[PDB]
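For reference, the structure is listed below as structure tokens.
Throughout, residue positions are numbered sequentially from 1 according to the sequence presented. Heavy-atom basis, side chains included; hydrogens, waters and symmetry copies ignored.
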Amino acid sequence: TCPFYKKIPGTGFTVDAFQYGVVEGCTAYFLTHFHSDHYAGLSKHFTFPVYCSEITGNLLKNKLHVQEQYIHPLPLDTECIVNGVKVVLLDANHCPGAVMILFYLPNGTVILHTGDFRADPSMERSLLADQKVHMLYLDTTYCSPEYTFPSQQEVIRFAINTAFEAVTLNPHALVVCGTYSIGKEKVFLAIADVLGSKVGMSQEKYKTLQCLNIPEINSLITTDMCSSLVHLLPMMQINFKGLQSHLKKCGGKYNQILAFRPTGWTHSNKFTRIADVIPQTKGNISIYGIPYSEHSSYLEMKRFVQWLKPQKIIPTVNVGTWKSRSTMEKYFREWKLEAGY
Ligand code: NI
């Protein structure tokens, strides 16, 4: 049975609600982005209308084989009518194709569902600027002050400089980057660009990347591992054993691996600056964990909400425990009292 925080009152609509069977009353199923916790339940046998971005629609069709007749892609930043209700899709600054959804209810209520997002001041000048929001369904993944991390730009700067240094010292080193889903493509694309290489990967991952409308992508990725000095591997293989095993397969072309694990937040963030990050090393293998996040830090979240000034907040993440729920509600009240809404 579908939880309340995935239902949109006054509509026949649900959000990211595909694992509950046929939802009683639902005339349209929205999908914010192509991550498995959110699409869980979709397959080629799904026969209800799915509304989403163009990029999400490319992945539904090519990776999950959803039939075309049930995929309804919408443009961003454009007022659209769905089953007689005005909606707008906005860029969520999450993974490729990720959106937030603005719903304009027949009774006059305006609701924003953020999906998964990394709040940014640029959002303060989208179509959000133009009217009031009554209810906010909020990605609260990192809703606690201990959650700090750097900008995406600082993290990429660290990775490019690290990789360029190592390979210039040793032209026989291989760089490997971990992946398990879409998102965080900048990590491997920025490193390959500084090294003048394409990124090599499996046929399944190449397929996924070809659905994402990235400009000039055919110039940047390949399935020919032998031609590439940046390789992508599943995140589970980014350990000393998995990497040793990969180095064996490269036929003596390389004698060193430098690997990156883009994580979300990790507690080494409470002490260390990005500049000071060091790898784990065993022999000719080094592994860097880098805090590249596609969710709001606590401060970015706070700033967005204090700017929007919603009448009610409904968290969508960390809702399973009473202590989490109580923690989040305390911060929401602080934010409201500090800003005066
Ligand atoms: Ni996500």
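Taking CG of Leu232 as the start and OG of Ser202 as the end, the distance is 8.0 Å to the nearest 0.5 Å.
When hydrophobic clusters are built by joining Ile, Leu, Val, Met, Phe, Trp and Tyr residues whose side-chain heavy atoms come closer than 4.5 Å, directly or via intermediates, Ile274 is grouped together with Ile191. Cluster annotation: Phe13 and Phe4 are assigned to the same hydrophobic cluster (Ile/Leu/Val/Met/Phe/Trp/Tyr, side-chain heavy-atom contacts under 4.5 Å, transitive). Hydrophobic clustering of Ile, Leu, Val, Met, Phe, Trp and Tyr side chains at less than 4.5 Å, counting indirect connections, unites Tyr206 with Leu229. Neither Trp265 nor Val317 shares a network with the other; the hydrophobic side chains, linked directly or stepwise wherever heavy atoms of I, L, V, M, F, W or Y lie under 4.5 Å apart, form separate groups for each. By the rule that hydrophobic residues join a cluster once side-chain heavy atoms approach within less than 4.5 Å of another member, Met201 and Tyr180 end up as members of separate clusters.
Closest approach of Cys177 to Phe188, counting heavy atoms only: SG-CB, 3.9 Å. Closest approach of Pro73 to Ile71, counting heavy atoms only: CD-O, 3.1 Å. When all heavy atoms of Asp91 and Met123 are compared, the closest pair comes out as O-CE, 3.9 Å. The nearest pair of heavy atoms linking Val199 to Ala192 is CG2-CB, 3.4 Å.
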Q: Please report the C-alpha distance between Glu68 and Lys61 in whole Å, then the side-chain angles of each, then the deciding distance to 0.1 Å, and finally whether the salt bridge (charged side-chain N to carboxylate O under 4.0 Å, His left out) criterion is met.
A: CA-CA 7 Å; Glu68 194 143 60; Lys61 178 188 170 168; 3.3 Å; yes
Q. Could you walk me through whether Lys302 and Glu334 pass the salt bridge (charged side-chain N to carboxylate O under 4.0 Å, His left out) check?
A. CA-CA 10 Å; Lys302 177 177 183 280; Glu334 292 178 10; over 6 Å; no
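A side-chain donor from one of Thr208 and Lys63 sits under 3.5 Å from a side-chain acceptor of the other. A donor atom on one side chain and an acceptor atom on the other are not found under 3.5 Å apart for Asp224 and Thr222. No donor-acceptor contact under 3.5 angstrom links the side chains of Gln153 and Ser151, judged on distance only. Side-chain atoms of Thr327 and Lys323 include no donor-acceptor pair closer than 3.5 Å. In this structure, a donor-acceptor pair under 3.5 Å is present between the side chains of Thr281 and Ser286. Between the side chains of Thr32 and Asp16, at least one donor N or O sits under 3.5 Å from an acceptor N or O. Between the side chains of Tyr104 and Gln131, at least one donor N or O lies within less than 3.5 Å of an accepting N or O.
Ring geometry, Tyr298 versus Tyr331: the interplanar angle exceeds 60°, so the pair is classed perpendicular (tilted spans 30 to 60°). Taking the six-membered ring for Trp and thresholds of 30 and 60 degrees, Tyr51 and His72 have nearly parallel ring planes, at less than 30 degrees apart. The aromatic rings of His295 and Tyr142 sit perpendicular to each other, their planes meeting at more than 60°, with 30° as the lower class boundary.
Under a cut-off of 6.0 angstrom, the local environment of CD in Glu165 is sparse, with at most 12 non-hydrogen atoms contributed by other residues, nucleotides or ligands. Annotation for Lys186: atom NZ does not count as buried by contact number, only 12 or fewer foreign heavy atoms lying within 6.0 Å. Other residues, nucleotides and ligands place more than 12 heavy atoms under 6.0 Å from the NZ atom of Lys132.
For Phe34 and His38, the ring centers are positioned 6.0 Å apart or more. Taking the six-membered ring for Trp, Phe46 and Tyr70 have ring centres at least 6.0 Å apart. No close placement of the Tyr137 and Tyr5 rings is indicated, their centers lying 6.0 Å or farther apart.
Looking only at distances, no side-chain donor or acceptor of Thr14 sits under 3.5 Å from a matching main-chain atom of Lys7. Checking side-chain atoms of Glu185 against main-chain N and O of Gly183 turns up a donor-acceptor pair under 3.5 Å. Looking at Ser326, its side chain never comes within 3.5 Å of a backbone N or O of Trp322 through a donor-acceptor pair. In this structure, the side chain of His94 engages the main chain of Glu294 through a donor-acceptor pair within 3.5 Å.
Contact of the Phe117 side chain with the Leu138 side chain is registered, since non-hydrogen atoms from C-beta on lie closer than 4.5 Å. In this structure, the side chains of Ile81 and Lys86 come closer than 4.5 Å at one or more pairs of heavy atoms. In this structure the side chain of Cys143 never reaches within 4.5 angstrom of the side chain of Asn318, judged on heavy atoms. Inter-residue side-chain proximity for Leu128 and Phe304 is flagged as met; some heavy-atom pair is nearer than 4.5 Å.
The one candidate from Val88, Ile101, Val133 that meets the side-chain contact (heavy atoms from CB on, under 4.5 Å) condition with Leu112 is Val133.
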